[PDB]
Each structure stands twice: as structure tokens, then as C-alpha cells.
Amino acid sequence: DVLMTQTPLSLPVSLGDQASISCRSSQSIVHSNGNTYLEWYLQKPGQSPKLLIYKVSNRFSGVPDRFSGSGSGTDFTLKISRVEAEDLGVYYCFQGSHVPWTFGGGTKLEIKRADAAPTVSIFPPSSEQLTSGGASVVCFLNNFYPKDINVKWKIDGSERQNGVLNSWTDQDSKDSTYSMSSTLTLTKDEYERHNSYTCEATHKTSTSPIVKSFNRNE
Amino acid sequence: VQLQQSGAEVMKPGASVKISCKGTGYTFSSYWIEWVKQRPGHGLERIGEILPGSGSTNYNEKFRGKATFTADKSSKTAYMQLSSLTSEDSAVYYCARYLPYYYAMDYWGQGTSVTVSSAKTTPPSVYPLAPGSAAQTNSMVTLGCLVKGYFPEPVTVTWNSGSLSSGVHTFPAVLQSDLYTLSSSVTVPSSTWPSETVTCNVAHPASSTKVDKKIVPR
Ligand SMILES: *[C@@H]1O[C@H](CO)[C@@H](O[C@@H]2O[C@H](CO)[C@@H](O[C@@H]3O[C@H](CO)[C@@H](O)[C@H](O)[C@@H]3O)[C@H](O)[C@H]2NC(C)=O)[C@H](O)[C@H]1NC(C)=O
């Protein structure tokens, strides 16, 4: 199967900036009829893909003129004259030349803006957790940018890597910042044994990791 | 023109599922039906194609033997059968109309979600959380609402009649061991949180479960 590769994996570009997505093929995908069949598809979150370009350059009906394509035997690129809110999504290159036909790796498109420092927070368990016989420790990080975020679960001088949940949120619209909620599930037999719980998070904006902790002993 | 896909499916590991794509408004037998798999993580992977007029079918190397295509000409429907469902097979599957070399994937199905799991329907266990007592109170603070131990998707979280919609940051569900969870935190004035009442609503249509647990200061 012809292998098709997309670069970059992510393409942060602010509004109105030129956007360039490149797609390459493991083999030439030209055809005898004078055309090479390459199409570009765009998928918004929680929606089915949509056709943008086909046969490399030919533009689909009903799509803005800003989109354009170009390429040759094994190198192709997509161009957006101006970026807008609707333009946000994932872009795939599709080759329709050699059976079987394969999709590109996907090139997520993003809008860069003034990076904001993360607002870290830590929430200990609740009475319901104690009654149920469990202890859930969750760390919150809201309105941060860019994806240069790392969270370390250091507890009373001990770094614990087991049972760590990685769940971040895609960029929003109003704020265009991400979020990152990490959780650590603790049992009652183990929850009370330790004394200090801390959530170390490091971000590009603040070189020194931000520290938020609470002590069980109180 | 319109491609209508079947409903969502939840099946146990090792079983086999059969999803259907129904095309109307065009010559169903003269257009290839393309099947695409989108794992929740990332990427579009074409499974294969079938021309309903004939029996011709193609499969990508990764799916040869995993998927089998069948089509009914009398009822304008095409079927894909997945055998030996593992946990990796859980994804959203799309059906698209394609005519090689002439027309691209201009029309797509709504998308069918398949989930492979050993669990059964379970109501959510909403555990509202509040800022820890050992935490300085400042002008702006973050609230806490936690939902866990629920299955399957989805679960909608909202405030009382949309009391505070903007500024909320929900997060995608994740699996601890087998069950899904969810977190949601919002920013409210420090002077309004204790005075005004803030609560997070939970709805689980799959379990027909609705919950409402207000969070009060510790
Ligand atoms: C099978 O053979 C036929 C006939 O040789 C091919 O039809 C020809 O296809 C080319 C390329 O699509 C057409 O030229 C193009 O026409 C469009 C629309 O006018 C124009 O925008 C392009 O700039 C280019 O001029 C050509 O008109 C067409 N000829 C006829 C008689 O239809 C067909 O492409 C071949 N198919 C395959 C799969 O090889």
C-alpha cells in the first residue's frame, strides 16, 4: 500500500496567516490520463470529513477560493491564503491513484496567540469518597498555552508514576487555551498512610515548576 | 444524495459487529462505498471498498481478514462485518461514496461509533469537589465537579439552567481500569461562590440517570 506522510504534525498559525501543509508519497502517484488523483479533506471536531480539493489542484464546489493545491509526482502541498475560525480542524491528504487508496497522517491546524501561564489547582477527595472506600486525588490546570506542559506526581518527597491519568482538552474558541486534568486513585488503606500530597507542573512560561500541595495531617 | 449509517454499537470482546450504510438519491450500484476507521486518538484509516453493483471488494493490508464487506442491491445498503472484536477496534466508522478517478469522497455518512468493552450499563457517581481547606482564598477561584464510574458514553454536564455556561472547562472521558470518568471545573468570583449557589448537573441518557449535587464550602 502506498504510504502517504504529512508534515507538520501540528501547524499553529494565527488568524490571517499563510498556511502550508505538505504531503508526500512513498511512490509516484501519477496517472496516464494526464492527471494525478490527490484530494484534501477537512474534518472539524465531532463531525464527518469534508472534501476540499481533488485531482491535486481542482477545487471542489462550494469551498472558499483561499484554498489551493500544487505538487508533482510525489510531492504535494496545500495552501490557505487566510485563516479563519471555521478553518480550524484536521487536514488529510488522500491519494486516489493506486489501489488500495490511503489517507494521510493528518495535519492538525491551530491558531497561535499570547501564551498564558497555567492556573494550577489541587482538590482533595470528598466525604463521599471516604464513605465509598476510595481516595481520588485530581490536579487541575486551566487556560494554559502552548502544549509545552508536563505534570509530575510528587507526594511527600516520593515520585509516583503508577495510576496517573492523562486527560487534556482541545483548544477552545473564546480563550483558545488548553487544559490538563491529572488524577491519582488512592485506596483508603494507602491514602492515610502518607502525609503530604503535591502536584508539580512545569510550563514554558515559568521555568520553575509551579507547586501546589496539601497535607493530610492538616 | 445522502448516506445513512446505522446506530452506535457496544459489544463484548471477541464478538462480531455488522454496521450498515444506506445510500439514497443516486445510483447506489454504480458508486464504490468506502469504509474509514477513525480511532478516538487520531488518524483516518481506510478499511476498504465495495462496489455494490458487482461483488468487487478491496481491503487494506492492516484489515485483511478483520473486515468483510457485503452489499444488498434491492435495499440500497452496504454492510461491513468486523470479526474478533478487540479493544483496538473501538472507534468511529465512516462510509463514503467514491468513484475512482472521477469523483472524490464528496458525501460521507454520519459516522457509526463502536465500543468494545466487557462492562455493562452503570449510572454515574458524581462526587462534587470544593477547594481544599489548606488553600489561600483569592479574588478568583476554581470550582470542582467530578463524575466517574459510568458506562457507556455520553454524559452531559451543565449548570443550573445554564447559570454559568461560559468560562467552564470540561474534559474528555478516560478509563481508569474499565469505567469512564469526567471532570469539570469553572471559575467564579470569590465573593459570588459562597453567596450565590453553584451546582453541576449530570445526565446519563444511556442509564436514564439525572443527578444534581450542589457543592458547598468545606
Ligand atoms: C479515459 O479516456 C477519456 C478519453 O480520452 C478521458 O477523458 C478526458 O479526460 C481529460 C482529463 O480529465 C479531459 O481533459 C480535461 O477536461 C477538463 C474539463 O473540460 C478540463 O478542466 C481539464 O483542463 C482537461 O482539459 C478530457 O476532456 C476528457 N475527454 C473526453 C472525451 O471526455 C478520461 O480522463 C480517461 N479516464 C481515465 C480514468 O483514464
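Residues numbered from 1 in each chain as written, not as in the entry; some residues may be left out. Chains lettered and ligands numbered in written order. Part of a larger assembly, values for the part shown. Heavy atoms only, no water.

Its PDB record attributes the structure to cryo-EM, giving the resolution as 2.93 Å.

### Quick notes on the overall build of chain B
Helix and strand counts for chain B stand at 0 helices and 18 strands. A compact globule built from 218 residues should have a C-alpha radius of gyration of about 17 Å, whereas chain B, at 23 Å, is more than 25% larger. A total of 218 residues make up chain B; the buried ones form 47% of that total. Partitioning the contacts of chain B with sequence separation of at least 6, the portion at a separation of at least 24 is 57%. Of the roughly 9800 Å² of accessible surface on chain B, 54% is carried by carbon and sulfur atoms. With 18 positive and 13 negative side-chain charges, chain B shows a spacing of 4 Å between the two charge centroids. (Helix = DSSP H or I, 4+ residues; strand = E, 2+ residues; numbered from the N terminus. Rg over C-alpha atoms; globule rule 2.2 N^0.38 Å. Buried < 20%, exposed > 50% of the residue type's maximum accessible area, 1.4 Å probe, protein only. Contact = heavy atoms within 4.5 Å. Areas by Shrake-Rupley, 256 points an atom, 1.4 Å probe, with all protein chains shown as cover. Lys, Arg positive; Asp, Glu negative; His and termini not counted. Charge placed at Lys NZ, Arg CZ, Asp CG, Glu CD.)

### Things to note about the overall build of chain A
A tally of regular secondary structure across chain A gives 2 helices and 18 strands. The C-alpha radius of gyration of chain A comes to 23 Å, more than 25% above the 17 Å expected for a compact globule of 218 residues. Across its three principal axes, chain A shows a C-alpha extent of roughly 75 × 35 × 30 Å. Burial analysis of chain A (218 residues in total) assigns 46% to the buried set. A separation threshold of at least 6 residues defines the contact pool for chain A, and within that pool the share at least 24 residues apart is 57%. If you sum the accessible surface of chain A, you get close to 10000 Å²; carbon and sulfur atoms cover 52% of it.

### Some points on the site of the ligand
Surrounding the ligand, one finds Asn33 and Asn35 of chain A together with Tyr101 and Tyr102 of chain B. Residues within reach of the ligand are spread across chains A and B. Against a free-state accessible area of 750 Å², the protein chains account for coverage of 22% of the ligand. When the residues that make up the shell around the ligand are grouped by side-chain class, the tally is 2 nonpolar, 2 polar and no charged. (Near = heavy atom within 4 Å. Nonpolar A, V, L, I, M, F, W, Y, C, P; charged D, E, K, R; others polar.)

### As for the domain arrangement of chain B
It is common to report an interface's size as the accessible area lost on association of the parts. Residue and element names in this part refer to chain B. For chain B, the assigned domains are domain 1 (1–118) and domain 2 (119–217). Between the C-alpha centres of domain 1 and domain 2 there is a distance of 36 Å. Contacts between the two partners involve 5 residues from domain 1, matched on the other side by 5 residues from domain 2. Across the domain 1/domain 2 interface, buried area totals approximately 360 Å², and carbon plus sulfur atoms make up 48% of it. When the area that domain 1 buries against domain 2 is broken down by residue, the three leading residues are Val10, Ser117 and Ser118, summing to 69%. Put simply, domain 1 and domain 2 have 3 residue pairs in polar contact between them. Within the side of domain 1 that touches domain 2, the residues separate by chemical class into 1 nonpolar, 3 polar and 1 charged. (Domains from an automatic or database assignment. Buried area = accessible area lost by both parts, 1.4 Å probe. Polar contact = N/O pair within 3.5 Å; in protein donor to acceptor, adjacent residues only side chain to side chain.)

### Re the environment of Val30 of chain A
Residues and elements named next belong to chain A. Here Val30 is to be found in the loop between β3 (19–25) and β4 (38–43). Expressed as a C-alpha distance, the spacing of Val30 and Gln18, which sit 12 residues apart in the sequence, is 28 Å. Apart from the residues lying within four places of it in its own chain, the contact partners of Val30 are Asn35, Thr36, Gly73 and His98.

### Thoughts on the interface of chain B and chain A
Of the residues lining the interface, 45 residues belong to chain B; the matching set on chain A comes to 51 residues. Contact between chain B and chain A buries roughly 3800 Å² in total, counting both sides, with carbon and sulfur atoms accounting for 59%. Looking at the side of chain B facing chain A, the largest losses of area belong to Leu44, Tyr101 and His169 of chain B, adding up to 18% of the total buried there. Our count for the chain B to chain A interface comes out at 0 salt bridges. Taken together, the elements giving at least two residues each to the side of chain B that touches chain A come down to β4 (32–38), β5 (45–50), β6 (57–59), β9 (91–98), β15 (168–170) and β16 (180–189) of chain B. Take the side of chain B that touches chain A: its biggest share by element is 3 residues, from β4 of chain B. Looking at the side of chain B that touches chain A residue by residue, the classes come out as 22 nonpolar, 16 polar and 7 charged. (Salt bridge = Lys/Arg side-chain N within 4 Å of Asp/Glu carboxyl O.)

### Examining the sheet that holds strand β3 (residues 17–24) of chain B
Residue and element names in this part refer to chain B. Strand order in the open sheet formed by 4 strands is β1-β3-β8-β7, and the pairing between neighbours is antiparallel. Of all strands in the sheet, those with a lone pairing partner are β1 (2–5) and β7 (67–72), marking the two edges. The sheet shows a mean angle of 20° between the axes of neighbouring strands, direction not considered. (Pairing = 2+ DSSP bridges. Axes fitted to C-alpha atoms, helices over the stretch in contact; angles between N-to-C directions.)

### Re the sheet that holds strand β17 (residues 196–203) of chain A
All names here are of chain A. Pairing within the open sheet is antiparallel, and its 3 strands lie in the order β12-β17-β18. Edge positions in the sheet fall to β12 (149–152) and β18 (210–215), since each has one partner strand and no second. Direction aside, neighbouring strands of the sheet carry axes that sit 15° apart on average. As defined by bridge partners, β17 adjoins β18 across 6 bridges and the pair is classed as antiparallel. Each bridged residue has a counterpart across the sheet, and for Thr198 the counterpart in β18 is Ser213.

### Some remarks on the nonpolar core
Counting 24 residues, the largest nonpolar core has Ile33, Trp35, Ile47, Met80 and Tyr93 of chain B as its most contacted members. Going through the elements one at a time, β3, β4, β5, β7, β8 (77–82), β9 and β10 (112–116) of chain B are the ones with two or more residues in this core. Among residues more than four places away in sequence, those in contact with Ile47 of chain B are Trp35, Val36, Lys37, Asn58, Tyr59, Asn60, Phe63, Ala67, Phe69, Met80 and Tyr93 of chain B. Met4, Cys23, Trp40 and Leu78 of chain A belong to the second largest nonpolar core, which has 23 residues in total. (Core = buried A, V, L, I, M, F, W, Y, C linked by side-chain atoms within 4.5 Å.)

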